[PDB]
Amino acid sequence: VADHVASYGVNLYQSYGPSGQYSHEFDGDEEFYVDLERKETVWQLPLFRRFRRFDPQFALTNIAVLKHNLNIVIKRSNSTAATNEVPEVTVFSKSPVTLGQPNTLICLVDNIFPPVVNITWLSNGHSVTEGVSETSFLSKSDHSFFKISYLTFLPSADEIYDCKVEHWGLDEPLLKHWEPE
């Protein structure tokens, strides 16, 4: 019931990989994430890169303590492993669809856990890499995550799509079809 909710520290660290994530959020959106391998802060808006600065090193130091904590809690819990969840996939357009007019398809993968997923796009049954993009893992009060993938595209009557989601919580790859009706 707060006017605003912020996570000035969404820290994640997994044994699988191993891998982790460091980002800040405000009212459910990602302000930035720290490329852990490159030690570089990646803000999500021009407005942010222009007026704010965050030292990447801080992300690395925190993540290091999380690794320290995880190992200790793995032992304390007798190695209780994470439970896989079933992802909910939803595909929709960013702008009203008008043939010939550049647009962007949005693929939302909800209730993700653990945070390990493969989100790719298909164009008329073929793998599509160009114009594809995605958010980091956004947090959820229930402690699961959600990630959003993007596909810039030219609306065509001769072209259809599918958002392909791969997660251990799925018996097999999931396909959510979409086309300019």
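The first residue of the sequence shown is number 1, and the count goes up from there.
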Of 41 to 49 and 152 to 160, the one with larger mean CA B-factor: 152 to 160
Mean C-alpha temperature factor, higher of 68 to 76 and 96 to 104: 96 to 104
C-alpha B-factor winner, where the candidates are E30, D55, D35, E130: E130
Which of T135, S141, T61, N124 ranks first by CA B-factor in the deposited coordinates: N124
Where the record places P173 (Cα B-factor, split into thirds across the chain): highest
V109, C-alpha B-factor rank within chain (lowest, middle or highest third): lowest
For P18, the third of its chain into which the C-alpha B factor falls: highest
